[PDB]
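Colleague: What follows is a single structure, and I will ask about it in a moment.
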Amino acid sequence: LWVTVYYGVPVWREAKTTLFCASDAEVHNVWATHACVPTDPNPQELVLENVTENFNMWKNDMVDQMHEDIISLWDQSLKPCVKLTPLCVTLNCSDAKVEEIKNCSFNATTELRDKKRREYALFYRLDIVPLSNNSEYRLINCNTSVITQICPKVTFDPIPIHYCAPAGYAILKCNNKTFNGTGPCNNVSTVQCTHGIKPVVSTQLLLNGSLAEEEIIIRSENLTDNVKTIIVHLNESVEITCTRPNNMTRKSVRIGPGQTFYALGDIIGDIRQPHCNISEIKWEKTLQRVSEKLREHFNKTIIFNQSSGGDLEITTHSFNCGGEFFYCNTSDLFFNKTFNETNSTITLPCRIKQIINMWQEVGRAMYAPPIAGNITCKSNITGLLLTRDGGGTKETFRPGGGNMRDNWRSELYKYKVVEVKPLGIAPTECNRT
Amino acid sequence: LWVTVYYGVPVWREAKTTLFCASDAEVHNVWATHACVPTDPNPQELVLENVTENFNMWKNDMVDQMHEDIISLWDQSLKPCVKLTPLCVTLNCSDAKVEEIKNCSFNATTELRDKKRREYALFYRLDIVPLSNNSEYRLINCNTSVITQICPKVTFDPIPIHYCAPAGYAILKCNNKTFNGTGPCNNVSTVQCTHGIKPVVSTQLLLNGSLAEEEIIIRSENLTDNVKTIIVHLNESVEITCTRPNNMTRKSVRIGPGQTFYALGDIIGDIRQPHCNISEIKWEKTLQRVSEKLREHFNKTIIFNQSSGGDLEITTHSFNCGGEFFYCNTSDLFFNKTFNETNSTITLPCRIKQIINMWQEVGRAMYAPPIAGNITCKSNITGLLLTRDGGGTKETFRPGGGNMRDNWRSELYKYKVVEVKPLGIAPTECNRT
Amino acid sequence: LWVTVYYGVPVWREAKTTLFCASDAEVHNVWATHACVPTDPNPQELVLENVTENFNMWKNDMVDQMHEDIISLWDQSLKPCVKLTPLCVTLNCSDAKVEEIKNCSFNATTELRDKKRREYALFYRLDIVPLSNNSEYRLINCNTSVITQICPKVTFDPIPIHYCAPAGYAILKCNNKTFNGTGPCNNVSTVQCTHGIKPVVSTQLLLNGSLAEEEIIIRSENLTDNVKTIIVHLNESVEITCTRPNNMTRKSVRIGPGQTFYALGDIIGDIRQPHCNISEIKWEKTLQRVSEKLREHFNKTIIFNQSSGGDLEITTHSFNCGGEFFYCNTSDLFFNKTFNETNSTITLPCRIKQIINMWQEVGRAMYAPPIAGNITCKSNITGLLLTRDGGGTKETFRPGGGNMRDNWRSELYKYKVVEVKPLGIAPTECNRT
Amino acid sequence: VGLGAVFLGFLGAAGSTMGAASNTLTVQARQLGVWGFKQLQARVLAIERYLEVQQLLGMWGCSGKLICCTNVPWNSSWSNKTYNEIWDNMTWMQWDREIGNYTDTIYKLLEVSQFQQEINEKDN
Amino acid sequence: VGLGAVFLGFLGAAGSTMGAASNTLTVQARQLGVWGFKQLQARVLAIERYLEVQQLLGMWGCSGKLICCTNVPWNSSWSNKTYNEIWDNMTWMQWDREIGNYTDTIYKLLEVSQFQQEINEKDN
Amino acid sequence: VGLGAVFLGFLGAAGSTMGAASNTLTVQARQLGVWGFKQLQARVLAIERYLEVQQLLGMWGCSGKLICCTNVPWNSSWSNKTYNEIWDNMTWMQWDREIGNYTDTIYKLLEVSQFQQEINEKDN
Ligand SMILES: *[C@@H]1O[C@H](CO)[C@@H](O[C@@H]2O[C@H](CO)[C@@H](O[C@@H]3O[C@H](CO[C@H]4O[C@H](CO)[C@@H](O)[C@H](O)[C@@H]4O)[C@@H](O)[C@H](O[C@H]4O[C@H](CO)[C@@H](O)[C@H](O)[C@@H]4O)[C@@H]3O)[C@H](O)[C@H]2NC(C)=O)[C@H](O)[C@H]1NC(C)=O
Ligand SMILES: *[C@@H]1O[C@H](CO)[C@@H](O[C@@H]2O[C@H](CO)[C@@H](O[C@@H]3O[C@H](CO[C@H]4O[C@H](CO)[C@@H](O)[C@H](O)[C@@H]4O)[C@@H](O)[C@H](O[C@H]4O[C@H](CO)[C@@H](O)[C@H](O)[C@@H]4O)[C@@H]3O)[C@H](O)[C@H]2NC(C)=O)[C@H](O)[C@H]1NC(C)=O
Ligand SMILES: *[C@@H]1O[C@H](CO)[C@@H](O[C@@H]2O[C@H](CO)[C@@H](O)[C@H](O)[C@H]2NC(C)=O)[C@H](O)[C@H]1NC(C)=O
Ligand SMILES: *[C@@H]1O[C@H](CO)[C@@H](O[C@@H]2O[C@H](CO)[C@@H](O)[C@H](O)[C@H]2NC(C)=O)[C@H](O)[C@H]1NC(C)=O
Ligand SMILES: *[C@@H]1O[C@H](CO)[C@@H](O[C@@H]2O[C@H](CO)[C@@H](O)[C@H](O)[C@H]2NC(C)=O)[C@H](O)[C@H]1NC(C)=O
Ligand SMILES: *[C@@H]1O[C@H](CO)[C@@H](O)[C@H](O)[C@H]1NC(C)=O
Ligand SMILES: *[C@@H]1O[C@H](CO)[C@@H](O)[C@H](O)[C@H]1NC(C)=O
Ligand SMILES: *[C@@H]1O[C@H](CO)[C@@H](O)[C@H](O)[C@H]1NC(C)=O
Ligand SMILES: *[C@@H]1O[C@H](CO)[C@@H](O)[C@H](O)[C@H]1NC(C)=O
Ligand SMILES: *[C@@H]1O[C@H](CO)[C@@H](O)[C@H](O)[C@H]1NC(C)=O
Ligand SMILES: *[C@@H]1O[C@H](CO)[C@@H](O)[C@H](O)[C@H]1NC(C)=O
Ligand SMILES: *[C@@H]1O[C@H](CO)[C@@H](O)[C@H](O)[C@H]1NC(C)=O
Ligand SMILES: *[C@@H]1O[C@H](CO)[C@@H](O)[C@H](O)[C@H]1NC(C)=O
Ligand SMILES: *[C@@H]1O[C@H](CO)[C@@H](O)[C@H](O)[C@H]1NC(C)=O
Ligand SMILES: *[C@@H]1O[C@H](CO)[C@@H](O)[C@H](O)[C@H]1NC(C)=O
Ligand SMILES: *[C@@H]1O[C@H](CO)[C@@H](O)[C@H](O)[C@H]1NC(C)=O
Ligand SMILES: *[C@@H]1O[C@H](CO)[C@@H](O)[C@H](O)[C@H]1NC(C)=O
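Following this line, the structure appears as structure tokens:
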């Protein structure tokens, strides 16, 4: 009968805001710079009851606040160490005698810019480009981009970061198990900040991600599209094992006054390939279970096929392992198989690059220093990245990444940030007497 | 009879504070970086009644908060693109064969610092200095200042910015028509933020400014002075038309690894002068109407005269047009005329410079890339910049700019920022019973 | 009988927070950049009554917030001036003819990078290192660290800065006279911000510090230790006088386009040593009074001895004077004397360095420009820095600095920052009726 | 710490009826880096969201009252449902659709109807 | 949004008499970049100017009362004009000249005379 | 200016008895650079320390009352000394040792016992 107000009513509104880091509590690190708030030892999640809120996955904002600050993080970390500007000259490379690795010998300047020692290093064939053959090479992209090297003390090992909304905001979180990526889900719980998100970098097969619950989820945006990718979440973790058995020996060389970097010296013993491993019976059943969950959304037979080709960042399985950047073939005994109706091991050949152009842009090109001794990393494949062919009979799926934001859109497929509006207005009997 | 307080009383005090941007809502831009708050679609101005507040024009603070952040804006924008440090060597220039433009040929380094191609460019005679003639030139100021170039994607077109005071402050605004620049005006209105201010850069004749109301205003500080300039606001907009009819062809050259810039290639067709145009009957009456409004403040005859001379940033009409920096003569049929008691066109000769030292300082010197094809910009001359001779019979006015803050002191001649003090104290009858 | 609350109760808690500057209100300066709040003309100190609070000196946090921001201050100030990267080449130095100062002659690049003039300068023998003698030197550390020079306009004269806690915090201050460095003192007074702290830089004898009150204080952490230093505060100020009587002539040389620096030209008149002076009777009694205040804490005889040796930043008395960095011998007639039971003058030989590696780190190495004419600075020695030998009869004290944080731990030996918690809870008779 | 935890705590029973959110709250209330700039940008926004609703409360004669009861008549052009229809057959999120276009005309009306209480009865 | 708009709205009729500003207010109240650092420096100052006057109100026993009426006697060494002379023949800007040198001695007097109200009557 | 000066002014007689700090307060109350970032980091913390204690006051039905008197019974498992033993034979710093482990269980109890006052007597 009269207007009254109410402080603290459950009313929210979708908005866009600025989140922050929270690590789980001492060498420097590019992801968590040891400047993050400590997390809650027991996070308080408030389960809501009998409410259906619809939210989009692809129209999120946290996946754009995650691709920006990671770029700023590598920009902040690769600043105070040495750029390899005076490195690339007319190199004189033949081969190693231990075609994959070339023995380059060039003229670097010593600590004072009046003498020139000829110094030798070892580079990969995927890292130098010729000029004429006649064996005169140069570094791969010191014509479009200035090239810096990684400061050798820092690491790249992804420790999980939590994204906390500011005080006065809320982060919804869907708790439904079989949640298709866009729509209303009816088991919603608020949380101040999300679970541990490892900022993993891969482009073909997702690594170290959280598994699904009790089903195989096929997340997409338009399933009648050709350029829109298909994220295939998983609930059966398939273990991958990637290693290189060569014992590399790093070597310090000085190029400028106070400016040095590290390059590969000689290789110990017989040279062997860097390869990855996938158990065959843990992979054939995984492709079959994905194939049945894809047949019902197209009502025709599906057949996997090879990647497209071209540059070696699209037709490969690029990932990071222990401080080294791999580029594996991933299209030999995985993606030439159809589906009708022994403890073997699939070995993938894999090649290593030193100079990498991450996030496929120009103006930024980091250089990875070599790592002494062998490395071996065992991981979990929870997630794929498929793409329709463009036909329209049967179906053909090129395994190929669309972007790197889709690599974050698997750990952020169930979160939306909202702003509470705790002022309510209702009519009642009382008046201010 | 007892002290009582009052919240929200109309009491202000003059202060100094920090304002911010507001644009009118996508290539990058140096003025509004697309990081500004959106303006009010209808600004709320509160007209005051029956109050006289006196404020100074020359003792303002917004004109010092405008010369600082613009310097910081160009500092922020000219950072991440290439400096022309390894460019200037012993150049070997003769002439163009299409004296004003020289055909320079020099030794730049290629993408790797071991080979040297001889590359040719075309420069202006106002941009290189000789060394002996014998035809060996160098760039104009790579002995006092490191020289950078403009990042070629950004533009210089002045979109108007609004200056908003923080919440809890007020910006007064005089609404009197015939407001001499310093004194009490009796029609004051508060506004949260001012109108659209185009951050135009000129030094001789003001461009694209807001006209006066119904009179010609002669703003000064001391009219019995010789070094203090005289801003002459206008109410009759005189149109200027400045163009160059040559079809320039830009050309990319590479000087370093990942470091390239653009220079003038060959010129299409017959070479023609860059000139400006001013209608004669729209200018003779404008000088006569200014002359009568200057005679009464000196009570002697006035006679305009030429500029002083020396460097070509003082005796010229320097301005920006479409991404090119002009330097026109402005002293041919404008400033050799006295005042007693046909649709012609005055053409001013005008010369173009590439390397400019804006804001007449050392340590900063930007380089403008050439613009392909012709340009033509039509503008409004609302405002002059005169200076007394220093005699003491008659009077002589050298048209010449004193600074660049005076270029902002025409759009900020009627604004003063104040801080409200909403606590009042008065005696009344009540007491706290 | 019922819970009631109280706003504003005297309850504090030790914490860690972020303090700020306050100077005593125009060339640029590295310490106070003319961006600091003005101090109180009369600071309000609130003396507490009948309370004993124990606080540690060595476990402070302000001495770690003082070593960090000073590093950031020199990082901010040495940024926008020229680095001496293209300076160090194969130098060709013989001697000066006016062994201490060498006449070096090298090939610098002129304003355009195509010609090379041979230019001569004068360097110190403590500043170049040979290469073979055969007289081919180079600069001292352009192999580990990039070397920049000081921007020549700024000064190093330490004006005192005050450290103010944020609003809502308190800084305790002990007022006891004979306060041993760690323990409970019973005359405590709060102050918003501390007294004037000159940010002096020395490593052997403390300079320009505040004297003690009425006693000699022997501050330490573990007096039965060997690596923990011994700060010996003083109450008798001993005057030092340090000067160089040579009339140096600076000279500008240009190394790059827009890149110049200053070096020593010729020396006027006969060369004389730079020396320091200490009155003998004002020093013998000072060592005797310190010796008696050290005998009772060890109950054996003590004997001072020479420094250890090695590099010339540990076995010296390094300090700054008028823009020049000295390195004096300090171990001739000071530290070879025991203690049993004429107006002379002790002269210390002292050598000057140009290139200094302050704060004994790598990656940072500033270069000091020379100062035209003689300099003379008179100062007060209030404080020593001793170190036990490591024996265990008698006792031997090597005078030698442990760090540079101990140089701040004499002016911050009586301050601890706390956070007030003004909410109190007590039972009383009233209830909310 | 207790600057946004209460804001998250307001969202208990966000799907219940409007006549139960005042009842079923007591049943649940029984028991320079990059991030150095992100945290500063977060803390300023966290302060500003609290102060905006604090000034909006402070203009209506109640600055800490939860169920603040004001003397403004209910204009029935904003809603036409009765008290028993609204308070027992609607959730609090659904009410913001019906009231969602008369917000500012209620806010300014509440401000001037509170200003009249200070002018009339106290001193003048 | 309503954090400085009311501060600008206080300036209505800044030249009227002091006895009309309490009357003629209801007649008018009827209806990381460079700028990324300028906006942060502006927002901190906008919060601080509101909190300073909020603490100055909160020390005087009224934290949201507009016409707060306090029990302090009027010392006539500060002003000598009567109520009818001040309130009907002066504007609010002109009052700050006469009261402009006794501000802090009134502020501390108001603080201690409010502290006496908490000590005396309530519990002690 | 008066945003932390009162915080420093609370520390008068920090060693006196608890029954004298409410008495002996009236006897003493009678009369972009590096530092550009340090001052901003200081001012945000100075605002946040005031707003935290302001919300902690505002949840207990008193938002400017100094000696706020609440209707919560005294659980004697927190302390066992009487009123005359505590208030005349203890300083205010020494009380925070005995009460120092029952703080949050008193804070939440005060919040819900203030929430009951709004639910019960006013409207519902
Ligand atoms: C996806 O998830 C997998 C999970 O297995 C990750 O694999 C881990 O990768 C990290 C990074 O390479 C490995 O951590 C490294 O292990 C090295 C060997 O560990 C030995 O020592 C530890 C000590 O507790 C034993 O527990 C362990 O069993 C081994 O015996 C260490 O040497 C490394 O530490 C230090 O190494 C050198 C010094 O020699 C330093 O320079 C380094 O900076 C570092 O401080 C390091 O801890 C980890 O072992 C792997 N887990 C395994 C093999 O189970 C993937 O990295 C992850 N991410 C992807 C694929 O992107
Ligand atoms: C003082 O005020 C005058 C007002 O006239 C300003 O003059 C304007 O200056 C701007 C900047 O040079 C001119 O804008 C440019 O116009 C070019 C030609 O415009 C054609 O296309 C538009 C499309 O709507 C038509 O409306 C118009 O009539 C023309 O047919 C455009 O080509 C430019 O756009 C783009 O050009 C190239 C691509 O070719 C890009 O590289 C550019 O970045 C840009 O995005 C541009 O819009 C404008 O035309 C002028 N007004 C006129 C002539 O009336 C002065 O600049 C101003 N300031 C001073 C003097 O300092
Ligand atoms: C909605 O989601 C919540 C959160 O996952 C579920 O609550 C959990 O249910 C499991 C199994 O019943 C319990 O072991 C947990 O203790 C529950 N709580 C939490 C916080 O995890 C809830 O069951 C879901 N409800 C529906 C209808 O799907
Ligand atoms: C004081 O200035 C104001 C603002 O310019 C004038 O108000 C405007 O007057 C014109 C012409 O009378 C109207 O068309 C506008 O509607 C008025 N309001 C606004 C907001 O522009 C006012 O006339 C001036 N008064 C005096 C005495 O000069
Ligand atoms: C505790 O320290 C304070 C501060 O030094 C002393 O107070 C000063 O004492 C001197 C000498 O008696 C006076 O001249 C000053 O006026 C006092 N006040 C100040 C603010 O300096 C006090 O005497 C000391 N008390 C004890 C017991 O040591
Ligand atoms: C590579 O070249 C260097 C000299 O350039 C030579 O000493 C070395 O033996 C070569 N081979 C290997 C495997 O390093
Ligand atoms: C291989 O690398 C490991 C890694 O530390 C090293 O210890 C070992 O000496 C290397 N060589 C051989 C022959 O194992
Ligand atoms: C300028 O010089 C280049 C070679 O330096 C020559 O090829 C060209 O013809 C010359 N003339 C013009 C107009 O470019
Ligand atoms: C002149 O410049 C214009 C600008 O785009 C271009 O289109 C044209 O081809 C050029 N040449 C001639 C002959 O017009
Ligand atoms: C030092 O060397 C220069 C030439 O390198 C010479 O002109 C000069 O006389 C020498 N002596 C002194 C004292 O400068
Ligand atoms: C010594 O230095 C002073 C310092 O300014 C200077 O004035 C003087 O000319 C120099 N030479 C002599 C011979 O004093
Ligand atoms: C469950 O939903 C019903 C109606 O949809 C609602 O009345 C009830 O309050 C909900 N449960 C809870 C615990 O809020
Ligand atoms: C505006 O009010 C109408 C009622 O006529 C309502 O239906 C609508 O949802 C409101 N909001 C809009 C148009 O955003
Ligand atoms: C106009 O001025 C008179 C006296 O100067 C004043 O009484 C009146 O209030 C003013 N008008 C308004 C609308 O305030
Ligand atoms: C101080 O008080 C006097 C009254 O004696 C007054 O005239 C003056 O304006 C005040 N303010 C000053 C001096 O700033
Ligand atoms: C001095 O100490 C006694 C007990 O230690 C205390 O009662 C008294 O209040 C103290 N003095 C003051 C001024 O607080
Ligand atoms: C916790 O409570 C106990 C009382 O049993 C008390 O003695 C102790 O000081 C408290 N605080 C701690 C353990 O930090």
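Chains as they are written, first to last, in my numbering: chain A, 194 to 626; chain B, 194 to 626; chain C, 194 to 626; chain D, 4 to 127; chain E, 4 to 127; chain F, 4 to 127.
The C-beta atom is built at its ideal place from N, Cα and C for all residues, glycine as well.
1. Should residue 271 (chain A) and residue 424 (chain A) be called a contact, given that it needs their Cβ atoms to be closer than 8 Å?
2. Would the beta-carbon of residue 104 (chain D) be found less than 7 Å away from any heavy atom of ligand 13?
3. Considering only residues of the region 342-396 of chain C, which uninterrupted beta strand (DSSP E) runs meet the minimum length of 3 residues and lie entirely inside it, listed in chain order?
4. Would a check of beta-carbon distances place residue 306 (chain A) closer than 8 Å to chain C?
5. Just the Cα atoms here: how many angstroms apart are residue 476 (chain C) and residue 441 (chain C)?
6. Can you look up residue 106 (chain E) in the DSSP assignment and give me helix, strand or coil?
7. Using the three-state DSSP reduction, which class does residue 118 (chain E) fall into: helix, strand or coil?
8. Assign residue 499 (chain C) to one of three DSSP states: helix, strand, or coil.
9. Give the residues from the region 445-462 of chain B that approach chain A closer than 7 Å (Cβ to any Cβ), ordered along the chain.
10. Apply the 10 Å Cβ neighbour rule to residue 512 (chain A) and answer buried if 16 or more other Cβ atoms are within range, or exposed otherwise.
11. Looking only at its chain, what residues have a beta carbon closer than 6 Å to the beta carbon of residue 531 (chain A), apart from the 5 residues adjacent to it on each side?
12. Determine the chain D residues that contact residue 61 (chain F) at a beta-carbon separation under 7 Å, and present them in chain order.
13. Which stretch, first to last residue, makes up the alpha helix (DSSP H) that contains residue 490 (chain A)?
14. Check whether chain E comes within 8 Å of residue 200 (chain B), counting only Cβ atoms and requiring the distance to be less than that.
Modeller: Once the coordinates are examined:
1. no
2. yes
3. 355-357, 362-367, 376-378 and 381-384
4. yes
5. 32 Å
6. helix
7. Secondary structure of residue 118 (chain E) (DSSP, three-state): helix.
8. coil
9. 450 and 451
10. buried
11. 496
12. 67
13. Here residue 490 (chain A) belongs to no alpha helix (DSSP H), and DSSP marks it neither H nor E.
14. yes
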